[PDB]
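Undergrad: Structure in C-alpha cells, see below.
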Ligand SMILES: CCCCCCCCCCCCCCCCCC(=O)OCC(COC(=O)CCCCCCCCCCCCCCCCC)OC(=O)CCCCCCCCCCCCCCCCC
Ligand code: HEA
Ligand code: HEA
Ligand SMILES: CCCCC/C=C\C/C=C\C/C=C\C/C=C\CCCC(=O)O[C@H](COC(=O)CCCCCCCCCCCCCCCCC)COP(=O)(O)OCCN
Ligand SMILES: CCCCC/C=C\C/C=C\C/C=C\C/C=C\CCCC(=O)O[C@H](COC(=O)CCCCCCCCCCCCCCCCC)COP(=O)(O)OCCN
Ligand SMILES: CCCCC/C=C\C/C=C\C/C=C\C/C=C\CCCC(=O)O[C@H](COC(=O)CCCCCCCCCCCCCCCCC)COP(=O)(O)OCCN
Ligand SMILES: CCCCCC/C=C\CCCCCCCCCC(=O)O[C@H](COC(=O)CCCCCCCCCCCCCCC)COP(=O)(O)OC[C@@H](O)CO
Ligand SMILES: CCCCCC/C=C\CCCCCCCCCC(=O)O[C@H](COC(=O)CCCCCCCCCCCCCCC)COP(=O)(O)OC[C@@H](O)CO
Ligand SMILES: CCCCCC/C=C\CCCCCCCCCC(=O)O[C@H](COC(=O)CCCCCCCCCCCCCCC)COP(=O)(O)OC[C@@H](O)CO
Ligand SMILES: CCCCCCCCCCOC1O[C@H](CO)[C@@H](O[C@H]2O[C@@H](CO)[C@@H](O)[C@H](O)[C@@H]2O)[C@@H](O)[C@H]1O
Ligand SMILES: CCCCCCCCCCO[C@@H]1OC(CO)[C@@H](O[C@H]2O[C@@H](CO)[C@@H](O)[C@H](O)[C@@H]2O)[C@@H](O)[C@H]1O
Ligand SMILES: C[C@H](CCC(=O)O)[C@H]1CC[C@@H]2[C@H]3[C@H](O)C[C@@H]4C[C@@H](O)CC[C@]4(C)[C@@H]3C[C@@H](O)[C@@]21C
Ligand SMILES: C[C@H](CCC(=O)O)[C@H]1CC[C@H]2[C@@H]3[C@H](O)C[C@@H]4C[C@H](O)CC[C@]4(C)[C@H]3C[C@H](O)[C@]12C
Ligand code: CUA
Ligand SMILES: [Cu+2]
Ligand SMILES: [Mg+2]
Ligand code: NA
Ligand SMILES: [Zn+2]
C-alpha cells in the first residue's frame, strides 16, 4: 500500500506523550482500586 | 437363607451409569412385597432381598423422604 | 448526504490529535476501569 | 361465485416498481436486473458496457466456472482489456432517465 | 369503500425532502415525539432503578 | 393419500371455497356439536398434597403470590387444598 | 440516481426505539418479578407497540405508496420471512425436546409414569379436537382468500379472510376457556410446565398471526393489494400455516400421545 | 445530522463502524475482567477474599468476550463493512433492521453489567447451569438480568443472521453464482445459518430457566419431575455451534489475508475451502454432548460423540493445509496482518489438536473441568479469534479510515501479544493434566509455579492492548492518507477508494454471463 | 496428589488410570508430530525467493490430506474406544459406597450392612497440622479396602457438584435426583486426593475428597468403630 506523508506528523516527543497518556489511562484507575483493596475488603 | 449378601449385584435391567431406577425399583418391590405378605398372612422375610438391595443403593435421604410420603399418603408410586 | 472522506466517516472527531487522545483515553479507559469499580462496588456492600 | 374490485400492477404500481415493470415490457433493463450476454470480446467486437457516468466497475469471469472474478474500472474512451484474459470491454455512457 | 391509493401515492412521493416516517404530516411528528419521549424517559427511569437495586436496603 | 373426492383439473378460488364450506366448516360444526355435548363439569378428584404438584419455589408476582394466573377455585387446589 | 433495483431506506428512529423498548420490557419483567412494580414493563410494552406500528406503517408507505418494492426487493423479503419462520420452528423445537425428555423417562418424583400421578389430562377428543378442526379449517379458508385475491375478487377475498380471522379468534377463545377449566396449572410439575409453556407460546403466536391477518384485512379494504403484488398477505399466510402446523405437533405430542 | 447519521443509520459501513467501536470497548471490559481473574490466581491464597465475586468475574469475562467482543466485531463489524462491498451490493437487504441488530447490544450489555451490580451478581459460569443458577442457590435479580441480556443479544444475532443470509443469496450481481463469491462471504453466510438454527434453542432453554426461577415451572427441578441435565443438552446444542460461529468469520478473514500477502490472486482449493466450512458447520450440530462426558451418559452414546467429534478434524485439516498451499510459491509480504494470520494458523492448530485429545471420552473423564480445557479454548478461541480479528483489523483499517498505521509499531504489537498469550496459556496444559480444576479462586500449593507464570503472561498481553490503543491513536493523529493499494483486481472491497463513499455501487458492477 | 512443577498426569493408582496414561502418550505423540509438522511447513513456505503464483490444481493433493488425517483419527479412536468399553465392563463389586455433594462438603454412606454415614469437610488452613496439605485435607476421610472392586454411587442434595479423584481416573457429576455410578479399584494402599469438579458456588474451591486405602481387615474394624 502507498500513502502520502502525514498531514499532521506525530513527532517522537508527541508519541511518547500519547503512549504515556494511553498507558496511564489504563493503569491509574485499576491501580487505585487494587491499591485500596484492603480498605474495601473489611469496611 | 440363600443370602450371605456382600452388596447389590449387577442387574442387567440397569447396566448404565444412571442407577436411579435400580434404587427406585427395589424400593417399590420391597414395599409391594411387604404389603402382600403382611396382608394375605405370610412372612415379610421373603421380601428380604429387595430390602438389602435398595438399602445398599438408595441414598438415606431418598429412602427417608419416600418413607415420610408413604406415611403421609403422598407417595406417587404405586404400592 | 453526510461528509465523506478520511476523518469524516466516523462518530468522533480527529480534527485535533490531543482532543482525540482525550476522547480515546476516556472511551477505552472507562471500559477497562468498569470491572475494577464493579468489584469494588461488590466488596463495599458486604 | 366471482367478481372484481382488486387493482392490478398496471393500474397501481408506482415509483421504481413501475419503472422496472414498464421497462421490462419494452425489453429493456435500465436497473440491471439481468446478466448481460458476452460478445466475442475481440478488438473489433468488444463487450459494450452501459454506464450513466464516465467509468464503471467491470467483473470478468474469464472462463466459465472460475471462482475468481477479475475486477476493474472501465473508463470512457478506448476499449480496455481484462488484466487476466485480455477480453475487450468498451464503455457506452449516459441517459437511462429521459 | 373507494380506492384512494393514488392520493396516498401523491402525498408520499411529494418532493419535500421529508423522511418516510414524517412524510404523512404533523401527526407523524407527534407520534414520533411521544414514542421517543417514552423510550428516553423510560430508559432514564430504568437507570435510576438500577441505581436503586445496586445497593442493599438491608 | 388422495382423499376420496376429486377435482384437480384446476385448483382455483372456487375450489377452495367449495372446500371451505363443503368440508372445513361442516367439520368445525360437527366438532362443535361433539364438544358442546361431552362437556359438563366432571367431579373434581379428592385432594392429595403430592409434592410434585402445586409447586411453590417463589411466590407468583401477582395477587397473594399463592394463586396461579388462571386459577379456577372449582378445580385448582392450593398447596393446602381446595378453597372455601 | 441509482441503477440497481434495491431499496435504500431513509434514516429511521424505529430501530433505536425498538431496541430501547426491548430494554424497557426486560428491565420491566425484572422489576415485576423482583421489585413488585409494573411501571417499566408498561412503558416497555407501549413503546414496543408504537415502534412496531410506525415501522410497519413505513414499510407500507415505502411499498404501496412509494413503489420501492421491485421484484428483487420482494424476493429478499420472501427469504427474510422464510428464515424468520425457520428460527421460530427451532424455538419450538426446544420446548418439544423438553416435553419428550420429561415424558419419555418419568422420574420417581412423578411416580415413574406419564402422565404423572395426580394429573388428569384433558380429553383430546373434546375441545383439543375442536381446536384442531378450527385451525385446519382456517388453513383452507386462507387459501381461498389467497386465490380470490389473485383472481381479482375483492368481495370473496375479504369474505375468506374474515372467516380465517374469526376461526383464529375462536381458537383463542376456546384455548382461553381450556386454560381456565384445566384442573392442572403451570405449577403442577413438569407436566403443567411443558403443557402451559408450549401451548402458551403457541397461543401467543396465534394471537400474533391473527393480528397480522387483521392488518391484511384492513389493507385489503383500502385496496393496497393488487392481484399480483401482496407480499404482506403472503407472509401472513405462510406464518398462519406455520402456526397451524405447530398446533398439529402439539396436539399429537402433548394432548394425544402425552395423555 | 449527527443523530440522524449515527443513531438512525441505514448504512452498512456506518453500522459496521458502530460495531467495531462497541466491540473494541467490550474487549477492554473483557480484558480487565481477565486480568482480575489472573490477579486472584497470581499467588496462593485469596486476593478478593470473596469467591462469589470471583465467580461473577469469570462468568462476566466469558459473556463479554463472546457476545460483546468477538461476535460484534466479526459479524457485525467486518461482516457489515465487507460483505456488501465484496459482492457489489449497495447495502444489506434490510438496512433499517440492521440498525436494530446493533442497537440491541448496548441494552444487552447494560443488563449484563446490571446483573453484576445488583445482589451478589451471577457467579454461575457462562453455562448458567441450574440448580446453581436457580432461584434458591442464586435468589434475586442477577441471574434473571443475565438471562435477559442473552435474550437481547440473541434477537440481535438472529435478525442479523436473517439479514446476512438474505443479502448474500439475493444481492449478488446477476451473473455471479454462489461459487464466485469470496471465502469471507461464504464464512459469514455459514455462520449466519448456524446462528439462525442454534440461538432459538438457547432462547428456549434460558426461557425455561427463567420460568423455573419465576413462574414455578420445574423443567430442571427433580422435585417436579424435571432434570438439570435437560438444560445442559439445550445449552450445548447451541453451545457447540456457537464455538464454530466464533471461528468461522475468522477462517474467512484468514483466507483473505493469507491470499493477499502471499501475492496470490486466489486461495488454493477454493471449492475445498467452501466444502470444509459447510462440513464443519453441519458436523458442528451433532457433537454437543462432548461437553457432557461426565454427567453419566450411556457408553454407546459416549462412543458416538467421541467419533463424531473427531471427524471435524478432516474438513478443518483441508483448510489448514490449503492456507499453507496458498503461501506456497508466494511473493511473501511480511506485513503485520500476515504475521497475525501466520500466528493464527499455528496457534489454532495447537488448540484444535488439544480439542482432539478432549474428544476422547475416556481421557475427558480426567480432563473435564480442569485447566486443560481452559488451555484448549484459549488457544483455538481466544488466540484464534483474537488473532484473526487483529489481522483483519490491521489489514482493513486503511480501507475503513483512509489512513495507514505505522507498520513497525504494528509488528511490535504482534510480538508482545504473541509472547503474552503463550506465556499465559501454555502452562495451563500442565495445570490441567496434573489435575487443577477450572473455576477455582485458589489452588493446592503444588500448582503455584504454573499459576504464577500464567498470571505474569497475562500482564504482558495487557501491555500489548494498551499499545494497540496508542497505535490507533497515532494513525488518526498523523493522518497518512492512502494512495494506492495492490491487487484490487481480486479484492473488490478496495476498488472504491479509502474510505469508500457513503453509497457505493449506486450503479452496480457489470458482469458478463458469456 | 500433584507435586510442585508437575508436567503431566498424577501417577496411576488403578489399572484404568494406567491405561489412560499409555493412551495419552500415544495421542500426545500424534499431537506433537502434527503441530511441529505444521510449524515446519509454515517456515518452509516462507523461506524461499522462488515463486509460483499461477493457478495450482487441488483435486489430487486433497486426497492425501483427507486420507492421512482420517487414518490418524482411526489410529486414535481404536484404543480410545477400547478403553471406554473396558471401563464399562461388568465387574461385580464387593462393596457399595454412596457420596452426596452439598454446599460445601461431601457426605458418605456405607449402607450395605450397617447404616454408616458421615460428613467430610476441608480442614481450614489455620487448623492444619504440620506437614498437612493446604486445601486438600478433610476431617473425615473415605476409608476403603485396597485391591477390591468398589461401586461408588454419586448424587447431590442441592446444586450440581462433581466427585473426582485424578489418581484413580475418576470424575462423576453429582446431580440432585440422580444416582450416578462409577467403579473404583486401587492397586495400592495410601491417601488419594481429589477436588469438587463442577462449579457449585462460593466454596467450590474448598470441598476436597480424600480416600484412605487400607487392607480389608483394617477397613472392617474402622467401619465398626465408625457406627
Ligand atoms: C512456558 C513454560 C515452559 C515449561 C517447559 C518445561 C520444563 C521441563 C522440566 C523437566 C522435563 C523432564 C521431566 C518430566 C517429564 C514428564 C513427562 C510427562 O509426563 O509427559 C507429558 C507432559 C510433558 O510434556 C513434555 O515433556 C513437555 C513438552 C513441552 C513442549 C513445549 C513446546 C514449547 C514451545 C515454546 C515454549 C513454551 C511457550 C510457547 C508454546 C507455543 C505453542 C507450543 O505434558 C504435556 O503433554 C504438556 C503439553 C500439552 C500439549 C500441547 C501440545 C502442542 C504443544 C507444542 C507443539 C510445538 C511444536 C513445535 C515446537 C515449538 C515451537 C515454539
Ligand atoms: C473457536 C472456538 C472453538 C473451536 C473451533 C473448537 C474446536 C474444537 N473443540 Fe473445543 N471448545 C471451545 C471452543 C472451540 N473449540 C470452548 C469455548 C470449549 C469449552 C466451553 C466451556 O466449557 O466453557 C471447548 C470445549 C471442548 C470440549 C469439551 C471439553 C470438556 O469440557 O471436557 C471438547 C470435547 O471434545 C472439544 C473438542 C473440540 C474439537 C475436536 C474441535 C475441533 O473442531 C478442532 C479441529 C482442528 C484441528 C484438529 C487442528 C487442525 C487440523 C489438522 C492440522 C489436520 C490433522 C489432524 C488430525 C489428524 C488430528 N472442545
Ligand atoms: C473470545 C473468548 C475469550 C477471550 C478472548 C478470552 C481472553 C482471556 N481469558 Fe478467558 N475465558 C473465556 C473466553 C475468552 N477468554 C471463556 C468462555 C471462559 C470460561 C468461563 C466459565 O468458566 O464459565 C474463560 C475463562 C478464563 C479463565 C479460567 C477461569 C477459571 O476457570 O476460574 C482464565 C484464566 O486465566 C481466562 C483468562 C483469559 C485471559 C488472560 C484472556 C486474555 O487477556 C488473553 C489476551 C486477549 C485479549 C487481551 C483480547 C484483546 C481483544 C480486544 C481488546 C479487541 C480489540 C478490538 C478491535 C481491534 C476492533 N479465561
Ligand atoms: C358458538 C360457536 C362459534 C361458531 C364458529 C365461529 C366462526 C365461523 C365464521 C363464519 C362462517 C359462516 C357463514 C358464511 C356466511 C355467508 C357467505 C355468503 C355468500 C354465500 O351465500 O355463499 C354461498 C355458500 O355459503 C353458505 O352456504 C354458507 C355455508 C355454511 C356452512 C356450514 C353449515 C353446515 C350444515 C350441515 C352439514 C353437515 C353435514 C356433513 C357432510 C359431510 C362433509 C364432507 C354460495 O353462493 P354463490 O351464489 O355462488 O355466490 C355469490 C357471491 N357471494
Ligand atoms: C390465551 C392463550 C395465550 C397465552 C398467552 C396469553 C396470556 C399470558 C401472558 C403472556 C404469555 C406469553 C408467553 C408464555 C410465557 C409463559 C407461559 C404462560 C402460558 C399461560 O398463560 O399459562 C398460564 C400461566 O400463566 C402464567 O404464569 C403467565 C404469567 C404471565 C407472565 C408472563 C411471563 C413473561 C415471561 C416471558 C418470557 C419472555 C421471553 C421470551 C423470549 C423470546 C425470544 C428471545 C396457565 O394458567 P394456570 O393458572 O397456571 O393453569 C390454569 C389452571 N386453571
Ligand atoms: C418435533 C419438532 C416440533 C416443531 C415443529 C414445528 C413446525 C414444523 C415445520 C414447518 C411448517 C411451517 C410452514 C410452512 C409454509 C410456508 C413456508 C414458505 C415456503 C414458500 O412458499 O416458498 C416459496 C418457494 O420455495 C423457496 O423459497 C425455496 C428457497 C428457500 C430459501 C431459504 C433457505 C436458505 C437457508 C440456508 C440453506 C440450506 C442449504 C441446504 C444444503 C445443506 C446440506 C447439509 C417462495 O419463494 P422464494 O423465497 O422467492 O424462492 C424462489 C425458489 N422458487
Ligand atoms: C432428526 C433426524 C436425524 C436422525 C438421527 C437421530 C437423532 C434424534 C431423534 C431420536 C429421538 C427419540 C429417541 C428416544 C428413544 C429413547 C427413549 C429415552 O428414554 O430417551 C430419553 C430422552 O430422549 C429424548 O428426550 C429425545 C429428545 C430429542 C433430542 C434430539 C435433538 C435434535 C433436534 C433438533 C433438530 C431440528 C429439526 C427441525 C424440525 C422439523 C431419556 O434418556 P435415557 O438415557 O433413556 O434415560 C433414562 C435413565 O433412567 C436410564 O439410563
Ligand atoms: C395483542 C397483539 C400484539 C402482539 C405483538 C406482535 C403484534 C403484531 C405482529 C403482527 C405483524 C404485523 C406485520 C404487519 C406488516 C405490514 C407491512 C407489510 O405487510 O409490508 C409488506 C412487506 O412485507 C413485510 O415487510 C413483511 C413484514 C413481516 C412481519 C412479520 C413478523 C411477525 C412478528 C412476530 C414478533 C414476535 C416473535 C415471537 C415471540 C416469541 C408491504 O408489501 P406488500 O404487502 O407486498 O405491499 C406492496 C403492494 O401494495 C404493492 O402493490
Ligand atoms: C424478554 C423479552 C425479549 C424481547 C425482545 C424484543 C426485541 C425487539 C422488539 C421490537 C422489535 C419490533 C420492531 C419491528 C421490526 C420489523 C423488522 C422488519 O419488518 O424488518 C423487515 C425485514 O425482515 C423481514 O422481512 C422478515 C423478518 C421479520 C422480523 C420481525 C421482527 C420481530 C422481532 C422479534 C424476533 C424474535 C426471534 C424469534 C425466535 C425466538 C424489513 O426490513 P427493513 O430494513 O426495516 O426495511 C427494508 C425495506 O426494503 C422495507 O420496505
Ligand atoms: C416475549 C413476549 C412476552 C413479553 C412478556 C409478557 C408480559 C406479560 C404481562 C403480564 O402482566 C400482567 O401482570 C399482572 C401482575 O402485575 C396482572 O395483574 C394482576 O396482578 C395483581 C397485582 O398484585 C392483582 O392486583 C390483580 O388481581 C391482577 O390479576 C395482569 O392482569 C397482567 O396484565
Ligand atoms: C491489572 C491492571 C493494573 C495494573 C497495575 C497498575 C500499575 C500501577 C499504576 C499506579 O497506580 C497507582 O499507584 C499508586 C501507588 O504507587 C496509588 O497511589 C496511592 O498510593 C499512594 C502512595 O503510597 C498515595 O500517594 C495516594 O494516596 C495513593 O492512593 C494509586 O492511587 C494508583 O493510581
Ligand atoms: C364493503 C365491501 C365491498 C367492497 C367495497 O368496499 O367497495 C364488503 C365486501 C365484503 C366484505 C364483507 C364480507 O362479506 C365478510 C363479512 C361478513 C359479515 O357478516 C360482516 C362483515 C364482513 C367482514 C365484510 C364487510 C364488508 O364491508 C365487506 C368489506
Ligand atoms: C464435487 C465438489 C465440487 C467440485 C466443483 O464443482 O468444482 C468437490 C469440492 C470439494 C471436494 C471434496 C474435498 O476435496 C475433500 C475430499 C477429497 C478427496 O480427494 C475426495 C472426497 C472429498 C470429500 C472431495 C469430493 C469432491 O471432489 C468435492 C466435494
Ligand atoms: Cu461442590 Cu464445586
Ligand atoms: Cu463443543
Ligand atoms: Mg463439569
Ligand atoms: Na487466589
Ligand atoms: Zn477475464
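So how was this one determined? The header says X-ray crystallography, 2.1 Å.
Placed from the backbone N, Cα and C atoms, the Cβ positions cover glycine too.
Marked as topological domain 'Mitochondrial intermembrane' by Swiss-Prot: I:1-14, I:88-227. Summarising the annotation, Swiss-Prot assigns N-formylmethionine to I:1. As annotated by Swiss-Prot, transmembrane segment applies to I:15-45, I:60-87, with the evidence given as experimental evidence. The topological domain 'Mitochondrial matrix' annotation in Swiss-Prot covers I:46-59. Sequence annotations record features per position, and here Swiss-Prot assigns Cu cation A1 binding site to I:161, I:196, I:200, I:207 based on experimental evidence. Under the heading Cu cation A2 binding site, Swiss-Prot lists I:196, I:198, I:200, I:204. Under the heading Mg(2+) binding site, Swiss-Prot lists I:198. For I:218, the entry in Swiss-Prot reads phosphotyrosine, with the evidence type similarity to another entry.
Where in this structure would I find these features, and how exposed are they?
TA: Tertiary neighbourhood of the topological domain 'Mitochondrial intermembrane' (I:1-14): same-chain residues 20-21, 24, 133, 136, 166-169, 184-188, 190, 192-193, selected by CB-CB distance under 8 Å and a gap of 6+ residues from either end.
DSSP classifies residue I:1 (N-formylmethionine) as coil under the three-state reduction.
Long-range Cβ proximity for residue I:161 (Cu cation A1 binding site), meaning a same-chain Cβ under 8 A and a gap of 6 or more residues, is found for I:101, I:102, I:106, I:173, I:174, I:196, I:197, I:198, I:200, I:207. According to DSSP, residue I:161 (Cu cation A1 binding site) sits within a strand segment.
There are 27 other Cβ atoms within 10 Å of the Cβ belonging to residue I:198 (Cu cation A2 binding site).
Look at residue I:198 (Cu cation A2 binding site): DSSP puts it in coil.
Reduced to three states, the DSSP call for residue I:218 (phosphotyrosine) is helix.
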Undergrad: Using C-alpha atoms only, work out the spacing between residue I:204 (Cu cation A2 binding site) and residue I:1 (N-formylmethionine) and round it to an integer in Å.
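TA: About 18 Å separate the Cα atoms of these two residues.
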Undergrad: Any idea what the Cα distance is from residue I:1 (N-formylmethionine) over to residue I:218 (phosphotyrosine), rounded to a whole Å?
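TA: Residue I:1 (N-formylmethionine) and residue I:218 (phosphotyrosine) have their Cα atoms 23 Å apart.
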Undergrad: Can you tell me how many other Cβ atoms are located within 10 Å of the Cβ belonging to residue I:218 (phosphotyrosine)?
TA: 15
Undergrad: Quick check: which same-chain residues outside I:161, I:196, I:200, I:207 lie with their CB within 8 A of the centre of the Cu cation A1 site CB atoms?
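TA: Here the nearby residues are I:101, I:102, I:103, I:104, I:106, I:162, I:174, I:197, I:198, I:203, I:204.
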Undergrad: When the topological domain 'Mitochondrial matrix' (I:46-59) is classified with DSSP, how many of its residues are helical, how many are strand and how many are coil?
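TA: Taking each residue of the topological domain 'Mitochondrial matrix' (I:46-59) in turn, the totals are 0 helix, 0 strand, 14 coil.
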Undergrad: For residue I:207 (Cu cation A1 binding site), what is the tally of other C-beta atoms lying within 10 angstroms of its C-beta?
TA: 21
Undergrad: Between I:1, I:196, I:200, which of the recorded positions has the fewest other CB atoms within 10 angstroms in the structure shown?
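TA: Result for the recorded positions I:1, I:196, I:200: minimum number of other Cβ atoms within 10 Å at I:1.
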Undergrad: How would DSSP class residue I:207 (Cu cation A1 binding site) in three states?
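TA: DSSP assigns residue I:207 (Cu cation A1 binding site) to coil.
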Undergrad: Around residue I:204 (Cu cation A2 binding site), how many other CB atoms lie within 10 A of its CB?
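TA: Excluding its own Cβ, the number within 10 Å is 28.
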Undergrad: Going by Cβ pairs closer than 8 Å, show me which of the recorded positions I:161, I:198, I:200, I:204, I:218 neighbour chain H.
TA: I:198, I:200, I:204
